[PDB]
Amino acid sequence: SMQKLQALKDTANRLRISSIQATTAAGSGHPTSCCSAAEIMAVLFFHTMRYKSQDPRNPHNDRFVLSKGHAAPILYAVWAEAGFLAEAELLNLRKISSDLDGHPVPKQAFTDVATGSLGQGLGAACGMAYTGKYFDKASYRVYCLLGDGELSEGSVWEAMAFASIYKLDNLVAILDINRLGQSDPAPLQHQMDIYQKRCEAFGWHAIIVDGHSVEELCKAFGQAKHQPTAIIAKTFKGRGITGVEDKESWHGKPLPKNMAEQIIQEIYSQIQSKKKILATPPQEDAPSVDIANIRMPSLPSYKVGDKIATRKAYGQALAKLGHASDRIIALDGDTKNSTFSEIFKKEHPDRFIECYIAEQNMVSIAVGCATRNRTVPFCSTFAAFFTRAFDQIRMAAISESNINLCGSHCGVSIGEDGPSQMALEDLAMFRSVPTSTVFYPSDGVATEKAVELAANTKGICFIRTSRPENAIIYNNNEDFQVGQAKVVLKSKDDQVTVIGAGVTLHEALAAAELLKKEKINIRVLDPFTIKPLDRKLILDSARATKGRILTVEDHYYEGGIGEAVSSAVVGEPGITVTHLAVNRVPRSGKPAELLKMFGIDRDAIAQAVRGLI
């Protein structure tokens, strides 16, 4: 009791020492940011948390999220102290030859989500906690450590409100209030009262502690939890480093070698005993979850010729897949009546998460829900508002996450709402995400098939859906695969291969009809996936059409279908590629009128074709 209390202090001081050794050895890193959190980390990992020290990914463990990811050395140090990492490896921090990278990443068994972009951790932790309480109904708790500067990010406050709305009493945020950010004091500095007022206003039980008192930390964590709990820790940046504690201009500055030896000796001389604390194992009450392929319970049941918006087919398809597996969950940001995710909510309400008008958080929640393969999430909103969550999506890829995003209302074809609602840069954005597969389904059938494939594909999947009702053109037994395009109109005398998708596929087919009046035939190709792109079928089609390719897309010129095709085929002998896309910020009108205005309707397609001979 007085032995355990002193061992915790000693642990904290060991954790300080290692943070210094590692960053001094690397020649870079953030020792003063680790040092403010040492007692916090000691009490968390060697008193409060319950986990298997030799099996960090174990589904019964408490979770820890290091939202202030630049303190990575003290996370590494705690897993050495726990006996998972070798103590010697700590010194290899930031090396090309080590997995102890500058910020945490999931190649590390003890890391679920990559942090590094500040303000994202608590949202991931909300996902884990929500999963904990409502999906696997287990006893595990979730702990998230944030900086004070980090609290200026709006994403943090979305996560705060989400936790209280959903009564995440299994969630604890620890706020490292060390007064300073990177380049100056944090706005609120040591005004602990205001931090408490903000947290309480957002529905949290907020406890102010001295963050360098292991006693106060233990009491705070020991209190009964009836709502999300915020431990607001008054600390000093660089605590325990003589001449550096509470000083400006030391963020991200490693101690030089000779100074570090002095500092380490002083901290070491504070250590009363070398005996290490063992981690306490968890209760093993998380259910088993089966990772098999998830199949639609039947073939699609559309009728060729019927009309359906791909956004509504997405909804029907998601709801349908939710009957095949318990693992499928749906999130939406107050647009469920526009994206048709409300269909899933109706049929499977327990597995619908209303995220409200908070796209950054919605994405983070999904990433959290997918950690340790507990669920298979589909998030939806207008594709335009996924731009609000680009940094979260980017970090999702760095976190090697398997999440599925469906963005509706793509392009100028939405009509009257105008450009604030029109997704015209979403192909560019999603194509630039390293682990991404981009589906652009043209049909209700192709939509159902995209949903099924996305659920079983590793990495980040985006499904681009559309507002207008278009014809079913595919038979229900049609076979779809990632990276396989479809030729949906062909003849022995095709003069151009026209590639379109979604609404521009249908405009291209209408253009074929107008052109058959003038005895001009065109081959029409639907990509299905924009990334990866079926290079082979595109090339074989071009060679059947005197090498001529025309691409037409409801998207800006940059980063879209046209550019994917061009870079796929550049330098092939005989091949020419011309483009139709949207050249400027649009405006309000009827869908058909905007497609004409922006040169991507049937008439524009026919007129481009005639210009190519």
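Heads up: residue numbers just count along the shown sequence, starting at 1. Each form is matched to the other, and the largest set of C-alpha atoms that superpose within 1.5 Å is called the rigid core.
After superposition on the rigid core, the larger root-mean-square Cα deviation in 7 other deposited structures of this protein belongs to 214-222, not to the other of 214-222 and 376-384. In a rigid core superposition of the other structures in 7 other deposited structures of this protein, 224-232 and 78-86 differ in how far their CA atoms stray, and the farther one is 224-232. Remark: stretch with higher mean C-alpha B factor among 273-281 and 182-190 is 273-281. Set 105-113 against 294-302 and average the Cα temperature factors; 294-302 ends up higher. Listed residues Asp426, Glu158, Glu478, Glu150 were ranked by CA B-factor as deposited; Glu478 comes out on top. Within the listed group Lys234, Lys492, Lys95, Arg239, the record reports its top CA B-factor for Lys492. When the CA B factors of the chain's modelled residues are split into thirds, the value for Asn58 lands in the highest one. The entry lists a Cα temperature factor for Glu572 that places it in the highest third of the chain's modelled residues.
Placement of the Cα temperature factor of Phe221 within the chain: highest third of the modelled residues, per the deposited record. In this PDB entry, the Cα temperature factor of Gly83 sits in the top third of its chain's modelled residues, the highest group. Per-chain ranking of the deposited C-alpha B factor places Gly559 in the middle third.
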